[PDB]
Structures are given as structure tokens and as C-alpha cells.
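Asks: Here it is: the structure, laid out below.
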There are 2 protein chains.
Amino acid sequence: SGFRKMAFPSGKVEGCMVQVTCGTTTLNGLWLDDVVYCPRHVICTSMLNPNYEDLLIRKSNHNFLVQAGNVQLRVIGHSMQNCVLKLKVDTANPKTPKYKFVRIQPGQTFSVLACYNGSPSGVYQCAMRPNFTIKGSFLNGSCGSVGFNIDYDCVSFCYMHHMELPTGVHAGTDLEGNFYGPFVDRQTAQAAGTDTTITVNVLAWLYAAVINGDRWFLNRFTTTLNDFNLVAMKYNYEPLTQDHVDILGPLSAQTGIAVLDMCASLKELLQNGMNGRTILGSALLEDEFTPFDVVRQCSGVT
Amino acid sequence: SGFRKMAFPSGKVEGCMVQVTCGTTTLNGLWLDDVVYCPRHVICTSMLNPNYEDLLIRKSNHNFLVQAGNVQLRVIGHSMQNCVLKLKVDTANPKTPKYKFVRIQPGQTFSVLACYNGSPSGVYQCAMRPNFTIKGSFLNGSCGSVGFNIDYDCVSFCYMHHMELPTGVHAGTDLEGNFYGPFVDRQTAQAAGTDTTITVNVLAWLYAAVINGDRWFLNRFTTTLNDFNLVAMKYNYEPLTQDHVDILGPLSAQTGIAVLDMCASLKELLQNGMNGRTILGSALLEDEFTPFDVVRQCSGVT
Ligand SMILES: *C(=O)c1ccc2[nH]ccc2c1
Ligand SMILES: *C(=O)c1ccc2[nH]ccc2c1
């Protein structure tokens with residue numbers, strides 16, 4: 001029993017975190033096999049409209065100081081891939097896990113290993129919001145921290161941290177260096193666009209709550225998908241699709257509550273609020289747990 | 001910016017997790033140097049009033065199967081220490097970190113590495129509640145999962161998981177095998193006692209919110225410690241002491257808001273509610289972040 005924001009164990013990623021320094025800029029890099037990946041912003045200096053192709057042509061291998069704990073790694077090649085740099089080093093990381101570089105969808109979750117000066121500091125769960133930002137926790141020095149999921153000892157890296165936007169939310173790239181969302185690694189007035197609530201995730205979390213014994217929000221009503229989606233639009237929730245209904249199939253069967261029956265509960269919660277009650281220790285409707293997250297953590301017993 | 005429930009990186013603990021099997025019971029153990037620590041419940045069978053001294057006298061070393069990944073560890077000694085067992089093995093764990101066994105106080109937080117069959121599954125933050133339970137997330141097979149904090153590469157182990165109580169909350173021991181709270185490792189009608197809210201933690205989290213730009217709950221008023229404590233009693237909050245005020249000193253100085261000024265905000269929130277607003281993404285007053293947790297995660301800039 002219980003339900004927590006639960007990250008994947010971070011050990012496989014900790015053994016890949018290094019420090020990259022170019023001039024007076026220090027940030028984090030990811031060392032896999034004989035390559036270190038880091039944000040190309042490490043080659044910036046005193047910001048408005050940098051030409052990174054020029055900045056990189058002017059660098060030499062010896063300009064990049066890479067430190068893995070107390071060992072310096074000799075850089076033997078450098079190249080740019082979109083908004084990341086690839087620093088080839090003379091030593092393969094003996095701790096490299098099985099890994100993949102995946103790009104995630106908005107509404108999916110991942111674990112973040114926040115690092116500073118190449119040293120891991122903390123681990124937490126994040127979701128990619130519909131507007132392609134993440135609500136992270138990052139301070140100065142966090143550039144190059146990574147996001148990931150783990151499946152049967154394979155690490156799927158999905159996020160490298162770059163910047164903080166004016167509202168305090170965060171933006172970054174996949175490990176191919178392509179930004180999530182309409183953001184750029186330079187100084188502009190860019191801001192997060194309007195966001196929405198991830199409906200399928202809210203429904204998954206109501207299922208988690210039922211599995212854990214919170215039932216007060218259930219009711220005898222069932223709604224249609226079309227009628228529910230009319231309510232979702234009013235409250236800035238994303239539309240629910242039949243694929244979403246299908247994905248919720250296992251949790252629906254385990255609790256015996258049809259997906260469209262739970263939707264009638266969600267409509268009532270949106271229209272009435274909670275009237276002073278809580279669900280899984282929260283007084284708001286939580287949207288940062290996917291159906292997979294609920295299945296991973298919650299009992300399987302039907 | 002940002003504020004998340006952030007665990008310590010779990011790698012140093014993952015390398016210590018093993019599987020202990022005695023008969024048809026399997027659970028987790030912690031392998032440090034040449035000793036494996038696990039709940040003594042592993043020697044139970046088909047529960048009401050076990051005499052563990054008798055159960056252990058009837059065991060031999062060969063009855064305990066210890067597996068570290070795909071390597072079996074040969075047990076060469078066994079002994080009981082309160083509610084844990086100490087299984088001496090013929091091999092020191094080459095991955096043992098610097099460590100200490102500490103016992104924590106109610107109101108303090110730690111990270112939990114949830115494990116199953118000796119394999120780590122997830123990591124999350126927990127607080128020891130005033131009634132000595134934890135609100136964890138654990139399924140069958142989780143016995144022997146551990147709680148810990150990390151400080152300059154030293155792991156302070158503070159919790160080993162034993163059981164789930166009827167309300168779904170959890171109880172366990174320190175690594176000396178002494179239970180937190182009035183609980184026992186046998187079948188009884190034991191239940192969690194009445195709980196309270198951890199006032200100093202709520203104040204720390206309001207400071208986190210100020211540091212992160214949420215200011216709507218601030219006001220021009222200051223209260224006395226005695227008058228605040230009258231309000232705390234009414235709302236089932238713990239009393240605030242001068243030591244608590246002192247501990248909040250650094251956060252008070254960083255934000256420029258005196259502790260007793262913030263207390264006037266907390267009184268108003270308790271008496272009026274939030275009127276539809278949120279603080280750090282929550283619609284309730286959060287009490288599972290200590291002042292140390294806030295300092296660890298939040299900007300230091302005054
Ligand atoms: C770190 O990767 C970083 C710092 C500041 C920035 N501004 C635009 C992109 C970045 C990246
Ligand atoms: C596991 O350590 C465990 C399972 C069930 C129990 N009942 C009382 C104590 C325990 C411990």
C-alpha cells in the first residue's frame with residue numbers, strides 16, 4: 001500500500017556523470033563508452049546571438065577539461081550534434097550501462113538525476129508537460145543533468161537539462177541535442193506557452209487511489225466519451241481518446257470500474273471540487289503519474 | 001528554481017542489496033563488509049506468537065540462502081540483534097560505502113530504496129511521522145528495504161522496513177533492530193496512534209515557497225510564540241519551540257522574514273484555508289520537508 005512519487009534507482013546513471021569545464025564555465029556531462037555528451041552552451045562566454053559553429057571551430061581538444069571523480073579524461077575529438085557537444089575521450093567508461101537514447105512524448109514521466117560539478121545531488125520524478133517544459137528543481141550549475149527511465153537494466157536516456165525559463169520551469173533537449181518544444185539555447189524573451197492538464201494521467205491516479213482504498217469520489221454514473229470531452233475542454237484538460245481508454249484497460253479490469261465510469265467521477269470533481277477531502281494525500285487532481293507508473297507501483301491484485 | 005520531493009542518489013545503497021531466503025520466505029537484506037542484515041521475520045512460518053529465540057536455535061547456516069545478483073554468498077554465522085538478523089558471510093562486499101547506523105527522530109526525512117527479491121525497484125523520500133510510522137509505498141516482498149541519508153559520501157542508514165499497519169502506513173526498525181514506535185514483529189491488532197502535523201517543517205516549506213516566488217500568503221503581522229502555540233494546539237500541530245525558531249534562522253535571514261512573522265501567515269492559513277490558491281504546487285500545507293531539506297534544495301541567495 002501507499003503511493004509516492006517514485007524515481008528509478010539512480011546508480012547506473014551516477015557512474016556516468018562527469019564534469020566538463022571550458023574556460024570559466026563548468027557543467028555536467030554524460031560519459032558513455034568513449035564519448036562525453038554535454039550542452040554546447042559550455043563554449044559560450046560573455047550570450048545574445050552566439051554562432052556555435054564559429055565558437056567550436058575556435059576550440060581545441062585541450063580547451064576541454066573533463067573530470068570523472070578525481071581522474072582527468074583526455075579529450076581526443078570534439079564535434080557538435082544539434083545543441084549538444086560530443087567529446088571523444090581516450091578511455092571508455094567501464095561503468096557504461098546498457099542504454100538507449102529515446103525521445104519522450106508530452107505526458108510521459110522520467111527520473112531526473114540533478115548534478116553539480118559532475119557530482120550527483122538528488123533524484124526525483126518529472127513529467128514532460130504538454131507545453132514541452134518540465135517542472136524541475138535545478139540551481140546554477142545543473143546544466144547537463146539528465147533524465148531517464150530504466151527497463152530491465154537498460155537505461156533509456158530522454159532528457160538533458162539546459163535552461164530555466166522566466167516562470168521557473170525548465171527546458172532541455174533529447175540526447176541527440178534536439179530541444180523539446182519551441183526553445184533555443186541562446187538569450188531571447190522565450191517563455192513557456194499555455195499548458196493543459198494530462199487527463200489520462202489524472203484517470204490513472206484515480207485508479208491508484210481506488211486500488212489504495214480511497215473511494216469517496218466514485219459514483220453510480222457513466223458518461224460518454226463525447227460528453228466527457230466537452231467537460232475536459234471547459235477545464236483545460238486534454239481530450240481523452242479511445243487509445244487512452246484502451247491503455248487504462250488493465251487498471252479498469254483490476255478495480256472493476258469501467259473507464260467511462262471513472263470519467264463521470266472526474267467530471268464531478270472538476271465541477272464540484274473535493275469539498276475538503278483528499279485523494280492519495282493530495283487536495284488537487286494529480287496529473288504526473290502515467291498508467292505505467294500506477295501499474296509499476298500499485299498492487300496487481302484484482 | 002523549483003521544489004520537488006528529492007531523494008539522495010541511491011547507487012551507494014543499491015550495491016548493498018541482496019536476497020535472503022529461508023524456506024519459502026524471501027526478502028531483502030543489506031550486505032555491508034562481511035555481514036548481511038535482514039528482518040528476523042525471515043525465519044517465521046505458518047505467525048501469532050513466535051518465539052524467535054527458539055526459531056533461531058533450530059536454524060543452521062545452510063538454511064539461509066543469500067544471493068547477491070547471480071552470486072550465492074556462503075553463510076558462516078548467524079545471530080539475532082533485537083528484530084534483525086546478522087548473517088555473517090565468507091565474502092566482504094567490495095562495494096561497501098562509508099556508513100553509519102543512526103536512529104532518526106520523528107519529523108526527520110530520509111530516502112527509501114524500495115526493493116523486491118534483492119533487486120532495487122524505486123527511490124522516494126519519506127518522513128518519520130510523530131506517531132513513528134512512515135507513509136511509504138511498499139508491496140509484498142518489500143521487507144528489508146532500507147531508508148538512509150547521505151552526507152559527504154557517508155551513508156547514514158536509519159530504517160529497515162518490516163510491516164504494513166491496517167491504515168496502510170508502515171513500521172520498521174533502526175539497523176540495530178529496534179522498532180520505531182510501539183510496534184512488534186508479530187501478529188496483533190496493533191495500529192498507528194493519533195498523528196500530528198510537523199510545524200517546523202511546514203514553516204520551512206513556506207520559506208521554500210518564498211524563495212521560489214510564492215508570496216501571496218505573507219502578511220504585515222507578527223505573532224508571539226505563546227499565541228502561535230495556542231493556534232497550533234487547536235489544529236493538531238506540534239508546538240513550536242525556541243530551538244525550532246533558531247533552526248529556521250538561516251532561512252529567515254535569507255528571505256528577511258522573521259520566524260514569528262511567518263507564523264502569523266501560518267495562523268491565517270490554518271484559520272482561513274487557501275481560498276483556491278496553491279503553494280509550491282500544493283493545495284495543502286506540506287510537512288515532510290525539514291529545514292535542512294529546504295536549504296539543500298533551494299537557492300542560497302539572500
Ligand atoms: C547550461 O546548459 C545552459 C545555461 C544557460 C543557457 N542559456 C541558454 C541555454 C543555456 C544552457
Ligand atoms: C517482513 O520483514 C515482515 C513481514 C510480515 C511481518 N509481520 C510482522 C513483522 C513482519 C515483517
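Identifiers for the C-alpha cells are assigned positionally: chains receive A, B, ... in sequence, residues are indexed from 1 per chain, and ligands are indexed from 1 in the order shown.
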Counting only C-alpha atoms, which residues from chain B have an atom at most 8 Å from any atom of chain A, and could you show them as a compact mmCIF listing (two decimals) with N, CA and C atoms, in the first residue's frame?
Replies:
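Produced file out_12.txt, reproduced below:
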# COMPACT_ATOMS: atom_id res chain seq x y z
N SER B 1 15.53 27.19 -9.58
CA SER B 1 14.14 27.28 -9.14
C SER B 1 13.48 25.95 -9.18
N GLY B 2 12.28 25.89 -8.58
CA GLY B 2 11.56 24.64 -8.46
C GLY B 2 11.71 24.04 -7.07
N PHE B 3 10.81 23.11 -6.73
CA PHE B 3 10.94 22.42 -5.45
C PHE B 3 10.24 21.09 -5.57
N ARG B 4 10.97 20.00 -5.34
CA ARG B 4 10.50 18.64 -5.57
C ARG B 4 10.79 17.78 -4.34
N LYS B 5 10.04 16.69 -4.20
CA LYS B 5 10.43 15.70 -3.21
C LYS B 5 11.65 14.98 -3.77
N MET B 6 12.82 15.27 -3.24
CA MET B 6 14.08 14.84 -3.84
C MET B 6 14.78 13.84 -2.92
N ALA B 7 15.06 12.65 -3.45
CA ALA B 7 15.77 11.63 -2.69
C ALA B 7 17.28 11.80 -2.89
N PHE B 8 18.08 11.17 -2.04
CA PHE B 8 19.51 11.06 -2.32
C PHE B 8 19.74 10.04 -3.43
N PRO B 9 20.79 10.24 -4.23
CA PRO B 9 21.16 9.25 -5.26
C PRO B 9 21.39 7.91 -4.57
N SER B 10 20.85 6.86 -5.18
CA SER B 10 20.75 5.57 -4.45
C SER B 10 21.85 4.60 -4.77
N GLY B 11 22.79 4.94 -5.64
CA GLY B 11 23.77 3.97 -6.09
C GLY B 11 24.54 3.31 -4.95
N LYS B 12 24.98 4.10 -3.97
CA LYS B 12 25.78 3.52 -2.87
C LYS B 12 25.00 2.47 -2.11
N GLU B 14 22.27 0.68 -3.56
CA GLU B 14 21.94 -0.42 -4.47
C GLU B 14 22.99 -1.52 -4.43
N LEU B 113 14.91 3.09 -0.49
CA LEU B 113 15.18 2.32 -1.69
C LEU B 113 14.29 1.09 -1.61
N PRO B 120 16.73 -3.58 -6.46
CA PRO B 120 16.10 -2.26 -6.26
C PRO B 120 15.08 -1.93 -7.34
N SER B 121 13.97 -1.34 -6.90
CA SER B 121 12.82 -1.02 -7.74
C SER B 121 12.56 0.47 -7.88
N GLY B 122 12.75 1.25 -6.83
CA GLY B 122 12.41 2.67 -6.85
C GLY B 122 13.00 3.38 -5.67
N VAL B 123 13.06 4.71 -5.76
CA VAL B 123 13.59 5.53 -4.68
C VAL B 123 12.66 6.71 -4.43
N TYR B 124 12.34 6.97 -3.18
CA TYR B 124 11.48 8.11 -2.83
C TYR B 124 11.85 8.64 -1.45
N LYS B 135 4.73 6.94 5.89
CA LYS B 135 3.76 6.76 4.81
C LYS B 135 4.55 6.36 3.56
N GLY B 136 4.88 5.07 3.48
CA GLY B 136 5.72 4.55 2.42
C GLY B 136 4.89 4.06 1.26
N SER B 137 5.58 3.42 0.30
CA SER B 137 4.94 2.72 -0.79
C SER B 137 5.63 1.37 -0.89
N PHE B 138 4.96 0.31 -0.44
CA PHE B 138 5.60 -0.98 -0.33
C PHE B 138 4.57 -2.04 -0.69
N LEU B 139 4.99 -3.04 -1.43
CA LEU B 139 4.16 -4.19 -1.75
C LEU B 139 4.74 -5.44 -1.10
N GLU B 164 3.32 -3.56 7.32
CA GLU B 164 2.28 -2.59 6.98
C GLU B 164 1.17 -2.71 8.01
N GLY B 168 -2.58 1.23 6.22
CA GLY B 168 -1.76 1.30 5.03
C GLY B 168 -0.44 1.98 5.23
N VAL B 169 -0.18 2.49 6.43
CA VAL B 169 1.10 3.09 6.76
C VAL B 169 2.05 1.99 7.25
N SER B 282 0.97 22.79 -4.28
CA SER B 282 0.14 22.01 -3.37
C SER B 282 -1.03 22.86 -2.88
N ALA B 283 -2.18 22.21 -2.67
CA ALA B 283 -3.35 22.84 -2.09
C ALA B 283 -3.50 22.52 -0.60
N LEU B 284 -2.52 21.85 -0.01
CA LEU B 284 -2.49 21.65 1.44
C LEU B 284 -1.11 22.05 1.97
N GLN B 297 18.07 22.14 -1.16
CA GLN B 297 17.49 22.22 -2.48
C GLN B 297 17.32 23.64 -2.98
N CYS B 298 17.09 24.60 -2.11
CA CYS B 298 16.70 25.94 -2.52
C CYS B 298 17.92 26.80 -2.66
N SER B 299 17.83 27.75 -3.58
CA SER B 299 18.85 28.75 -3.76
C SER B 299 19.30 29.27 -2.41
Asks: What's around residue 35 (chain A) at 12 Å? Count only C-alpha atoms, leave out sequence neighbours fewer than 5 positions away in its own chain, and write the answer as a PyMOL selection string.
Replies: chain A and resi 16-18+29-30+66+73-79+84-93+96
Asks: Give me a file of those residues, with N, CA, C and O atoms, as an mmCIF file, in the first residue's frame.
Replies:
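Generated file (out.cif):
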data_model
loop_
_atom_site.group_PDB
_atom_site.id
_atom_site.type_symbol
_atom_site.label_atom_id
_atom_site.label_comp_id
_atom_site.auth_asym_id
_atom_site.auth_seq_id
_atom_site.Cartn_x
_atom_site.Cartn_y
_atom_site.Cartn_z
ATOM 1 N N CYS A 16 27.978 7.469 -14.681
ATOM 2 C CA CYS A 16 28.230 8.120 -15.967
ATOM 3 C C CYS A 16 28.426 9.630 -15.876
ATOM 4 O O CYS A 16 28.735 10.252 -16.901
ATOM 5 N N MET A 17 28.248 10.251 -14.720
ATOM 6 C CA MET A 17 28.254 11.705 -14.601
ATOM 7 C C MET A 17 29.672 12.202 -14.426
ATOM 8 O O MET A 17 30.420 11.685 -13.606
ATOM 9 N N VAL A 18 30.064 13.177 -15.255
ATOM 10 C CA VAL A 18 31.385 13.794 -15.178
ATOM 11 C C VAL A 18 31.233 15.316 -15.182
ATOM 12 O O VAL A 18 30.153 15.852 -15.385
ATOM 13 N N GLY A 29 28.525 16.507 -17.647
ATOM 14 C CA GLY A 29 28.435 15.721 -18.858
ATOM 15 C C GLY A 29 28.124 14.265 -18.569
ATOM 16 O O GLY A 29 28.184 13.804 -17.415
ATOM 17 N N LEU A 30 27.761 13.547 -19.615
ATOM 18 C CA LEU A 30 27.347 12.137 -19.515
ATOM 19 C C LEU A 30 28.360 11.313 -20.302
ATOM 20 O O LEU A 30 28.488 11.468 -21.520
ATOM 21 N N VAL A 66 37.850 17.495 -18.749
ATOM 22 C CA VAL A 66 36.829 16.535 -18.337
ATOM 23 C C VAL A 66 37.335 15.775 -17.118
ATOM 24 O O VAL A 66 38.433 15.208 -17.139
ATOM 25 N N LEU A 73 40.040 12.975 -17.847
ATOM 26 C CA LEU A 73 39.883 12.216 -19.073
ATOM 27 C C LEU A 73 40.421 13.067 -20.211
ATOM 28 O O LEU A 73 40.039 14.232 -20.350
ATOM 29 N N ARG A 74 41.312 12.493 -21.010
ATOM 30 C CA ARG A 74 41.933 13.233 -22.096
ATOM 31 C C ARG A 74 40.979 13.281 -23.284
ATOM 32 O O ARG A 74 40.562 12.231 -23.784
ATOM 33 N N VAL A 75 40.636 14.493 -23.732
ATOM 34 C CA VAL A 75 39.770 14.681 -24.896
ATOM 35 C C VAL A 75 40.587 14.509 -26.164
ATOM 36 O O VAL A 75 41.652 15.122 -26.311
ATOM 37 N N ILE A 76 40.109 13.661 -27.078
ATOM 38 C CA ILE A 76 40.822 13.401 -28.331
ATOM 39 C C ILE A 76 40.013 13.763 -29.563
ATOM 40 O O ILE A 76 40.506 13.601 -30.686
ATOM 41 N N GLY A 77 38.792 14.237 -29.393
ATOM 42 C CA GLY A 77 37.985 14.676 -30.513
ATOM 43 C C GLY A 77 36.833 15.479 -29.968
ATOM 44 O O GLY A 77 36.400 15.304 -28.817
ATOM 45 N N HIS A 78 36.316 16.371 -30.790
ATOM 46 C CA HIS A 78 35.151 17.150 -30.432
ATOM 47 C C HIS A 78 34.283 17.377 -31.645
ATOM 48 O O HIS A 78 34.795 17.585 -32.761
ATOM 49 N N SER A 79 32.968 17.359 -31.422
ATOM 50 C CA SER A 79 32.047 17.647 -32.512
ATOM 51 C C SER A 79 30.741 18.126 -31.914
ATOM 52 O O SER A 79 30.479 17.954 -30.715
ATOM 53 N N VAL A 84 23.905 19.651 -28.423
ATOM 54 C CA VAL A 84 24.878 19.036 -27.539
ATOM 55 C C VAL A 84 26.243 18.970 -28.234
ATOM 56 O O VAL A 84 26.384 19.051 -29.464
ATOM 57 N N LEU A 85 27.266 18.833 -27.410
ATOM 58 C CA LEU A 85 28.612 18.516 -27.853
ATOM 59 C C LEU A 85 28.918 17.057 -27.531
ATOM 60 O O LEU A 85 28.474 16.529 -26.494
ATOM 61 N N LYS A 86 29.715 16.438 -28.399
ATOM 62 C CA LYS A 86 30.243 15.084 -28.247
ATOM 63 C C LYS A 86 31.745 15.228 -28.119
ATOM 64 O O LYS A 86 32.427 15.676 -29.061
ATOM 65 N N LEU A 87 32.268 14.917 -26.932
ATOM 66 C CA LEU A 87 33.693 14.971 -26.681
ATOM 67 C C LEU A 87 34.193 13.538 -26.645
ATOM 68 O O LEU A 87 33.826 12.760 -25.743
ATOM 69 N N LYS A 88 35.010 13.180 -27.617
ATOM 70 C CA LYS A 88 35.553 11.834 -27.629
ATOM 71 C C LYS A 88 36.735 11.798 -26.670
ATOM 72 O O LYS A 88 37.565 12.706 -26.671
ATOM 73 N N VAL A 89 36.773 10.789 -25.796
ATOM 74 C CA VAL A 89 37.832 10.681 -24.806
ATOM 75 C C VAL A 89 38.634 9.407 -25.050
ATOM 76 O O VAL A 89 38.208 8.508 -25.775
ATOM 77 N N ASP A 90 39.822 9.346 -24.451
ATOM 78 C CA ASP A 90 40.719 8.227 -24.727
ATOM 79 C C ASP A 90 40.429 6.993 -23.884
ATOM 80 O O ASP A 90 41.177 6.017 -23.973
ATOM 81 N N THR A 91 39.369 7.013 -23.079
ATOM 82 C CA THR A 91 39.054 5.924 -22.163
ATOM 83 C C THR A 91 37.558 5.655 -22.229
ATOM 84 O O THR A 91 36.753 6.579 -22.067
ATOM 85 N N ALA A 92 37.183 4.395 -22.445
ATOM 86 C CA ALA A 92 35.779 4.007 -22.350
ATOM 87 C C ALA A 92 35.393 3.901 -20.882
ATOM 88 O O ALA A 92 36.181 3.415 -20.062
ATOM 89 N N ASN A 93 34.199 4.407 -20.555
ATOM 90 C CA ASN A 93 33.688 4.326 -19.190
ATOM 91 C C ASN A 93 33.442 2.863 -18.856
ATOM 92 O O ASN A 93 32.571 2.236 -19.473
ATOM 93 N N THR A 96 29.731 1.913 -18.105
ATOM 94 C CA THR A 96 28.624 2.199 -19.020
ATOM 95 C C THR A 96 27.531 1.132 -18.908
ATOM 96 O O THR A 96 27.830 -0.066 -19.080
#
Asks: From a DSSP calculation on the backbone, collect every residue of region 42-223 of chain B in helix (DSSP H, G or I) and output the set as number ranges by chain.
Replies: B: 42-43, 52-57, 61-63, 199-211
Asks: Residues within 12 Å of ligand 1 should be enumerated using only C-alpha atoms and all ligand atoms and returned as a PyMOL selection string.
Replies: chain A and resi 20-21+25-29+37-50+52+83-85+116+138-146+160-166+170-173+177+179+183-190
Asks: Write out as a PyMOL selection string the set of residues from region 27-96 of chain B that DSSP, computed on the backbone, places in strand (DSSP E).
Replies: chain B and resi 27-32+35-39+64-68+71-73+75-81+84-89
Asks: Which neighbours of region 233-236 of chain B fall inside 12 Å, counting only C-alpha atoms, when residues of the same chain fewer than 2 positions from it are skipped, and could you give them as a ChimeraX atom specification?
Replies: /B:130,194-199,226-231,238-240,266-271
Asks: Name all residues at most 9 Å from region 262-265 of chain B (count only C-alpha atoms; drop same-chain ones fewer than 2 positions away) and give them as a VMD selection string.
Replies: chain B and resid 203 206 to 207 217 to 225 228 252 257 to 260 267 to 270
Asks: Please, could you write that set of residues out with N, CA, C and O atoms as an mmCIF file, in the first residue's frame?
Replies:
data_model
loop_
_atom_site.group_PDB
_atom_site.id
_atom_site.type_symbol
_atom_site.label_atom_id
_atom_site.label_comp_id
_atom_site.auth_asym_id
_atom_site.auth_seq_id
_atom_site.Cartn_x
_atom_site.Cartn_y
_atom_site.Cartn_z
ATOM 1 N N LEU B 203 6.696 25.420 8.338
ATOM 2 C CA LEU B 203 7.318 26.731 8.244
ATOM 3 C C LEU B 203 8.493 26.690 7.274
ATOM 4 O O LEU B 203 8.666 27.609 6.468
ATOM 5 N N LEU B 206 7.077 26.904 3.813
ATOM 6 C CA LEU B 206 6.655 28.268 3.459
ATOM 7 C C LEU B 206 7.865 29.108 3.085
ATOM 8 O O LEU B 206 7.783 29.963 2.178
ATOM 9 N N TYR B 207 8.986 28.935 3.796
ATOM 10 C CA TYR B 207 10.209 29.624 3.379
ATOM 11 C C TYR B 207 10.650 29.192 1.977
ATOM 12 O O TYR B 207 11.058 30.039 1.155
ATOM 13 N N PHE B 217 0.619 34.479 0.594
ATOM 14 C CA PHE B 217 0.207 34.167 1.947
ATOM 15 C C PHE B 217 0.932 35.021 2.976
ATOM 16 O O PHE B 217 0.600 34.956 4.150
ATOM 17 N N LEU B 218 1.876 35.864 2.566
ATOM 18 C CA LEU B 218 2.559 36.732 3.524
ATOM 19 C C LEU B 218 1.642 37.858 4.002
ATOM 20 O O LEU B 218 0.693 38.273 3.315
ATOM 21 N N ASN B 219 1.932 38.361 5.205
ATOM 22 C CA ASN B 219 1.180 39.500 5.735
ATOM 23 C C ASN B 219 2.055 40.349 6.646
ATOM 24 O O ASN B 219 3.154 39.957 7.045
ATOM 25 N N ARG B 220 1.528 41.527 6.996
ATOM 26 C CA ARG B 220 2.250 42.508 7.790
ATOM 27 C C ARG B 220 2.318 42.174 9.281
ATOM 28 O O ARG B 220 2.983 42.908 10.024
ATOM 29 N N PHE B 221 1.662 41.112 9.727
ATOM 30 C CA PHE B 221 1.520 40.810 11.149
ATOM 31 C C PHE B 221 2.656 39.938 11.668
ATOM 32 O O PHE B 221 3.262 39.156 10.929
ATOM 33 N N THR B 222 2.926 40.082 12.962
ATOM 34 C CA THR B 222 3.824 39.196 13.682
ATOM 35 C C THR B 222 3.091 38.740 14.921
ATOM 36 O O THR B 222 2.320 39.496 15.515
ATOM 37 N N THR B 223 3.320 37.499 15.285
ATOM 38 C CA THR B 223 2.674 36.907 16.445
ATOM 39 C C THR B 223 3.706 36.582 17.528
ATOM 40 O O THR B 223 4.918 36.630 17.304
ATOM 41 N N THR B 224 3.221 36.272 18.731
ATOM 42 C CA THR B 224 4.116 35.754 19.759
ATOM 43 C C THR B 224 4.150 34.238 19.698
ATOM 44 O O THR B 224 3.216 33.588 19.224
ATOM 45 N N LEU B 225 5.245 33.672 20.201
ATOM 46 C CA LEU B 225 5.374 32.224 20.231
ATOM 47 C C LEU B 225 4.250 31.582 21.047
ATOM 48 O O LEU B 225 3.657 30.585 20.624
ATOM 49 N N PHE B 228 0.999 31.826 19.016
ATOM 50 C CA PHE B 228 1.007 30.874 17.914
ATOM 51 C C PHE B 228 0.743 29.461 18.413
ATOM 52 O O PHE B 228 0.032 28.690 17.760
ATOM 53 N N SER B 252 15.166 32.380 7.604
ATOM 54 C CA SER B 252 14.626 33.683 7.961
ATOM 55 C C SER B 252 15.547 34.813 7.485
ATOM 56 O O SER B 252 15.085 35.855 6.986
ATOM 57 N N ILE B 257 12.323 37.485 6.378
ATOM 58 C CA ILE B 257 11.035 37.363 7.053
ATOM 59 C C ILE B 257 11.289 36.705 8.408
ATOM 60 O O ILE B 257 11.732 35.552 8.457
ATOM 61 N N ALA B 258 11.019 37.412 9.504
ATOM 62 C CA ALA B 258 11.256 36.839 10.835
ATOM 63 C C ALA B 258 10.403 35.589 11.023
ATOM 64 O O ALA B 258 9.325 35.468 10.443
ATOM 65 N N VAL B 259 10.907 34.634 11.825
ATOM 66 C CA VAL B 259 10.172 33.385 12.035
ATOM 67 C C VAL B 259 8.770 33.664 12.567
ATOM 68 O O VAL B 259 7.782 33.140 12.032
ATOM 69 N N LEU B 260 8.654 34.537 13.578
ATOM 70 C CA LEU B 260 7.337 34.852 14.132
ATOM 71 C C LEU B 260 6.476 35.650 13.144
ATOM 72 O O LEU B 260 5.257 35.717 13.300
ATOM 73 N N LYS B 267 -0.788 30.884 10.871
ATOM 74 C CA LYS B 267 -2.048 31.018 11.595
ATOM 75 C C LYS B 267 -3.187 31.388 10.651
ATOM 76 O O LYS B 267 -4.274 30.810 10.714
ATOM 77 N N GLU B 268 -2.958 32.353 9.761
ATOM 78 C CA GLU B 268 -4.027 32.757 8.849
ATOM 79 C C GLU B 268 -4.407 31.636 7.882
ATOM 80 O O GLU B 268 -5.598 31.441 7.591
ATOM 81 N N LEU B 269 -3.418 30.874 7.402
ATOM 82 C CA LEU B 269 -3.714 29.749 6.512
ATOM 83 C C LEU B 269 -4.502 28.669 7.221
ATOM 84 O O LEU B 269 -5.401 28.059 6.626
ATOM 85 N N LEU B 270 -4.185 28.426 8.494
ATOM 86 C CA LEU B 270 -4.940 27.444 9.263
ATOM 87 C C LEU B 270 -6.364 27.918 9.511
ATOM 88 O O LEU B 270 -7.301 27.115 9.488
#
Asks: How many Å lie between CA of residue 36 (chain A) and CA of residue 148 (chain A), rounded to one decimal?
Replies: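 Going from CA of residue 36 (chain A) over to CA of residue 148 (chain A) covers 16.5 Å.
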Asks: Taking into account only C-alpha atoms, which residue in the set A:292, A:95, A:214, A:63 is nearest to residue 247 (chain A)?
Replies: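 Going through A:292, A:95, A:214, A:63 one by one, the smallest distance to residue 247 (chain A) is for A:292.
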Asks: Measure the distance from CA of residue 291 (chain A) to CA of residue 248 (chain A) in Å and round it to one decimal.
Replies: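 Pair CA of residue 291 (chain A) / CA of residue 248 (chain A) returns 6.6 Å.
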Asks: Show which residues sit within 7 Å of residue 157 (chain A), as a ChimeraX atom specification. Count only C-alpha atoms, and ignore same-chain residues fewer than 6 positions away.
Replies: /A:100-102,147-149,175
Asks: Quick check, in Å to one decimal: how far apart do CA of residue 119 (chain B) and CA of residue 68 (chain B) lie?
Replies: 9.1 Å
